[PDB]
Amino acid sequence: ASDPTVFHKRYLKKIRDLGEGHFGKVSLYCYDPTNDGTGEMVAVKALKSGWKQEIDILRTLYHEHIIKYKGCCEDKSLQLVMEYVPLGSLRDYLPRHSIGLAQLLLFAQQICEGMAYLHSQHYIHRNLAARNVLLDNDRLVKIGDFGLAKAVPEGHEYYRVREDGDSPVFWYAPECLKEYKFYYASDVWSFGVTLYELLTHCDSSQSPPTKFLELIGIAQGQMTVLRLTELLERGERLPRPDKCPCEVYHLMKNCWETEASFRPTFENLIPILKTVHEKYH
């Protein structure tokens, strides 16, 4: 008799490494607390100011399309225990599997469902990329890696953070690149980029950073963020992917409205994506 959210190191046996989450390596573990021979698979992220904020946030969320908090283990450091999403990320999935257009439109829809909820709870994700969206057994999107997620203070529209280390700047709106201000609408921009990725089946050669650097026309370096910002401010965007319908590119372009106030909300995007998914099913 005790708290299920408390995980004990003696019953966690590591199967393998899964990947590098932002601010923490994720691994796969078998948790057999009752020694019944089977236990359960779980994902475990090792964390070292806001270095716990991913646990603080993710434990307050309950939704089918957001990866589910299970508990913690601190037997200095901390291990976030999450559900194991067994098919991994879309970035590594889509290039290795054949996937139709409607199925892609359905993954996009699910992301919006999860993100509408997230924003309702007054959080921003700040890391919405195909790489951080995971598939379960039924090919259901679970949104993951809340390493950069923040609580938007109440009454406010954005949150200001200048990340001392790496961040996904090729998924980031100009206000993010320029003012380090992250609105709810900024996550919609990232979703837009995430949908571009979907439709390119995450071909690395067509990936947002590959594309954006070609368009900038200058080699990667200290001035890139500035040039990317000036490029996006001139209204250039990622190209319509091959065999992507015009109507679906328009959706991406609307999520890519330069000024953040003119972008769709995740609420607004849900009916639209259902209707467009229907049209191509």
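Numbers follow the displayed sequence, beginning with 1.
- Gap between residue 48 and residue 49: 4 to 9 deposited residues without coordinates.
- Missing deposited residues between residue 75 and residue 76: 1 to 3, all without coordinates in the entry.
- Here 116-124 and 133-141 are compared by their mean Cα B-factor, and 133-141 comes out higher.
- Judged by mean Cα B factor in the deposited record, 93-101 ranks above the other of 167-175 and 93-101.
- For the set 43, 216, 57, 66, the PDB entry assigns the largest Cα B-factor to 216.
- Residues shown: 110, 186, 206, 194. Highest C-alpha temperature factor in the entry: 206.
- Among the modelled residues of its chain, residue 52 has a C-alpha B-factor that falls in the highest third, as given in the PDB entry.
- Compared with the other modelled residues of the chain, the Cα B-factor recorded for residue 242 ranks in the highest third.
- Annotation for residue 152: C-alpha temperature factor in the middle third relative to the rest of the modelled chain, per the entry.
- Compared with the other modelled residues of the chain, the Cα B-factor recorded for residue 20 ranks in the middle third.
- Looking at the C-alpha B-factors along this chain, the one for residue 28 belongs to the middle third.
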